[PDB]
Visitor: 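Pasting in a structure now, in structure tokens, and then I'll have a few things to ask.
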Amino acid sequence: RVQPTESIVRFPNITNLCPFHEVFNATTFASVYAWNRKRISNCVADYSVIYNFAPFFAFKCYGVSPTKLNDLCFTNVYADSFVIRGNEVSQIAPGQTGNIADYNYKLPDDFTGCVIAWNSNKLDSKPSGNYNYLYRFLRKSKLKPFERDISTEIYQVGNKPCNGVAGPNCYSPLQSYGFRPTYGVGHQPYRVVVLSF
Amino acid sequence: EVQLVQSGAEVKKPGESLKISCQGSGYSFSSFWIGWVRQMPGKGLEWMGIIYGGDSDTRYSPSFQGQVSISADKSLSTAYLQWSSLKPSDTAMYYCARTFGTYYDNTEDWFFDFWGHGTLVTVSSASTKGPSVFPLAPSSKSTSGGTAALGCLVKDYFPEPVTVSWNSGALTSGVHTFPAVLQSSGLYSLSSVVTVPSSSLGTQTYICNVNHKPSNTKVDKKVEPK
Amino acid sequence: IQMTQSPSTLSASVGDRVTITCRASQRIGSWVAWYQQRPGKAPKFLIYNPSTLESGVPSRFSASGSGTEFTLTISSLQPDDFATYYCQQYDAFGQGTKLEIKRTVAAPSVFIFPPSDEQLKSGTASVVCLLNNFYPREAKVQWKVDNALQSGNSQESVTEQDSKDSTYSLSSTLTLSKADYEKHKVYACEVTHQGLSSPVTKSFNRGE
Ligand SMILES: *[C@@H]1O[C@H](CO)[C@@H](O)[C@H](O)[C@H]1NC(C)=O
């Protein structure tokens with residue numbers, strides 16, 4: 001009933017800006033089986049540094065508004081960077097099933113934060129094929145959320161025993177993308193940064 | 001099929017401005033770079049600059065930075081090369097071409113696999129002038145090797161080209177239309193000669209036909225012997 | 001980065017093997033790009049990597065390359081393969097190597113023409129000297145006016161090599177005024193060619 005006569009704001013008195021710029025314009029991004037996680041802490045998080053980058057294919061925020069991110073404080077900030085195809089961008093979401101979500105990068109169901117994905121054909125394609133980007137397509141079980149698997153063990157698909165040599169039914173789990181500029185936009189390379197709060 | 005279609009030939013006064021288009025078809029324009037290559041007449045290829053079709057990321061050569069501007073419109077799937085003030089040293093053939101290589105490695109795969117047909121830009125302080133045609137008559141001392149030579153001299157015209165025929169397209173054997181040279185007046189000169197039998201001078205009438213299309217001049221000169 | 005092509009002009013016949021070389025200043029990557037330009041046409045891309053063109057149809061062009069020296073080899077030449085070839089990596093183009101057809105050395109049939117009376121009514125004078133059907137393109141024309149060598153007022157026009165008999169033609173134009181034409185008497189055309197042991201001169205005097 002008694003109305004407030006004044007509004008006070010008490011934030012900590014630090015002036016260091018958060019290094020979102022170093023996440024977003026790194027020269028080499030990681031593969032999706034070995035994605036890069038950077039901890040962001042003890043800084044002022046200005047989110048307009050993200051907005052002066054490329055027109056994004058996806059800027060989808062879950063559990064938070066994208067226009068209110070300058071008004072909030074966060075406990076633990078993580079930035080996860082990798083490179084995927086264009087038809088797997090929707091698979092970086094809560095409650096998804098496929099190859100990137102099941103075997104490479106799993107998001108939790110109770111996920112808060114943003115998924116920012118932009119086209120990077122200019123940076124990560126070669127005309128003969130860019131074979132430096134890999135994904136895992138063979139694994140015994142689905143991944144837990146935020147579990148990284150960097151194993152290169154030779155996977156057996158038959159009833160025969162397998163002794164580390166890729167022979168009749170023995171396959172390596174890592175398949176390359178082979179990115180080309182002659183591909184369509186669903187097979188072109190896309191750089192994904194996932195901000196987790 | 002990947003095709004690149006350029007604009008037409010340009011004749012400009014010095015100090016004017018020019019924009020040249022390159023329209024791409026048969027491929028995704030936003031996934032590739034478009035480069036511009038000049039060729040001065042009688043000279044080789046010179047790299048001018050590249051632009052990426054997605055976000056207009058442009059790299060220039062250090063010998064072309066500030067002299068030209070390279071733009072692109074990805075909605076029309078086209079690229080443009082533009083001058084602010086035209087100089088007479090910009091008389092060249094300009095090719096647009098498609099390329100794609102590594103961004104942080106210049107020594108990997110930066111090749112022009114598809115090329116445009118080229119545009120011809122000439123810059124001169126000179127007006128559309130019809131040619132003067134002079135006969136180039138044989139002589140009695142011109143009987144060398146059992147055959148004679150006669151021709152026409154096509155002088156003081158602007159711009160290129162001049163089509164020269166002989167006897168309304170009849171004599172197309174032994175004809176040698178020379179390439180045109182640029183004089184020290186802004187005007188071009190040419191010679192078109194034929195080699196005839198020496199005994200067929202009186203029996204056959206030899207008329208050369210000179211057509212200059214930008215001035216609409218069609219002049220016919222009969223080459224009498226002397 | 002500067003790229004230099006080691007033959008400037010090479011001569012070959014139909015159905016041989018031609019090796020041309022392009023060397024870089026610094027060290028660049030594994031391959032360079034090769035282009036073929038016919039006169040009056042756009043350049044056409046030939047090869048960068050030989051593994052890219054590994055289709056069912058075999059390739060006529062082959063390429064090899066170290067970090068500095070690069071080599072394009074044509075295994076068999078058609079008449080459409082006589083053109084100007086360029087090497088390129090990123091922004092450096094080599095100067096062009098031109099293939100000419102090779103035939104026997106033919107002597108030029110030298111002619112001289114007097115300037116016409118209509119050009120003398122206009123005010124200038126043009127004396128032209130014609131060279132017809134000579135196979136090596138190196139041919140020197142000297143204009144001697146009253147047995148005195150003139151320079152700075154002569155322009156030369158050379159045709160392309162012919163599709164039938166594979167020879168060249170040159171036209172040298174000496175430009176004088178009307179008064180400079182009427183001042184002197186003797187005009188000569190001194191032609192130096194490999195096919196002629198002595199310099200063949202066809203000359204005329206003013207009037208006659
Ligand atoms: C900044 O905050 C600290 C507490 O973390 C305090 O001790 C200090 O006096 C503050 N400085 C200013 C200038 O307010």
Side-chain angles (χ1 to χ4, degrees), chain A residues 1-84 88-96 100-101 103-120 122-124 133 142-151 189-197, chain B residues 55 57 103-104:
Chain A
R1 257 184 63 246
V2 176
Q3 295 305 307
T5 43
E6 211 157 353
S7 176
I8 58 159
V9 169
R10 300 301 268 169
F11 288 166
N13 50 354
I14 61 171
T15 42
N16 298 317
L17 294 174
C18 290
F20 286 138
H21 199 70
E22 272 86 6
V23 184
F24 269 74
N25 70 21
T27 65
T28 46
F29 266 44
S31 311
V32 73
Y33 84 107
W35 83 89
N36 192 0
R37 170 163 256 182
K38 183 175 174 66
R39 207 169 290 211
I40 301 299
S41 62
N42 300 1
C43 49
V44 187
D46 188 34
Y47 286 92
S48 313
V49 179
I50 309 177
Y51 289 127
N52 59 48
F53 268 83
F56 300 122
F57 186 62
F59 186 73
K60 199 168 191 295
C61 294
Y62 296 73
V64 77
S65 178
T67 64
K68 296 183 172 285
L69 284 156
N70 278 348
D71 304 343
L72 293 150
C73 275
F74 309 103
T75 315
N76 293 318
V77 193
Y78 291 121
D80 297 352
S81 310
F82 45 89
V83 162
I84 60 171
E88 308 159 329
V89 178
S90 71
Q91 184 176 180
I92 315 293
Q96 295 285 331
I100 310 296
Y103 300 140
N104 297 275
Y105 183 77
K106 181 69 176 177
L107 277 185
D109 287 328
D110 61 358
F111 173 70
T112 184
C114 299
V115 173
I116 315 161
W118 68 98
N119 193 25
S120 69
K122 189 182 61 181
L123 295 174
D124 309 279
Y133 286 116
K142 276 174 190 212
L143 275 188
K144 276 164 183 179
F146 299 131
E147 168 186 345
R148 207 187 276 107
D149 197 10
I150 53 168
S151 75
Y190 278 71
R191 277 177 181 200
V192 184
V193 176
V194 187
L195 295 173
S196 301
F197 310 127
Chain B
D55 50 351
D57 190 25
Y103 196 87
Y104 301 103

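Just so you know, ligand 1 is whichever comes first in the structure, and atom 1 is the first atom listed for that ligand. Below, chains carry the letters A, B, ... as their sequence lines are ordered, and counting in each starts from 1.
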Visitor: Within 4.0 Å of atom 7 (O) of ligand 1 (strictly less), any protein heavy atom?
Guide: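 No, there is no protein heavy atom closer to it than 4.0 Å.
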Visitor: Mark whether atom 1 (C) of ligand 1 lies under 4.0 angstrom from at least one protein heavy atom.
Guide: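 Answer yes: something from the protein, a heavy atom, is under 4.0 Å.
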Visitor: Within 45° of the ring axis of A/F146 and under 6.0 Å from its six-membered ring centre, is that where the NZ or CZ of A/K144 lies?
Guide: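 Because its charged atom misses either the 6.0 Å distance or the 45° angle limit, A/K144 does not stack over A/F146.
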Visitor: Just say parallel, tilted or perpendicular for the rings of A/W118 and A/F29, cut-offs at 30° and 60°.
Guide: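 Perpendicular: the ring planes of A/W118 and A/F29 meet at over 60°.
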Visitor: Using the side chain to side chain contact (heavy atoms under 4.5 Å, CB included) rule, take A/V193 and A/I50 through it: C-alpha gap first, then chi angles, then the decisive distance, then the call.
Guide: CA-CA 11 Å; A/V193 176; A/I50 309 177; over 6 Å; no
Visitor: What protein heavy atom sits nearest atom 12 (C) of ligand 1, and how far away is it?
Guide: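 Answer, as residue, atom name and distance: A/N13 ND2, 3.3 Å.
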Visitor: So that I can tick it off, tell me whether A/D80 and A/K38 are bridged by a salt bridge, with the cut-off set at under 4.0 angstrom between side-chain N and carboxylate O.
Guide: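 No, this pair does not count.
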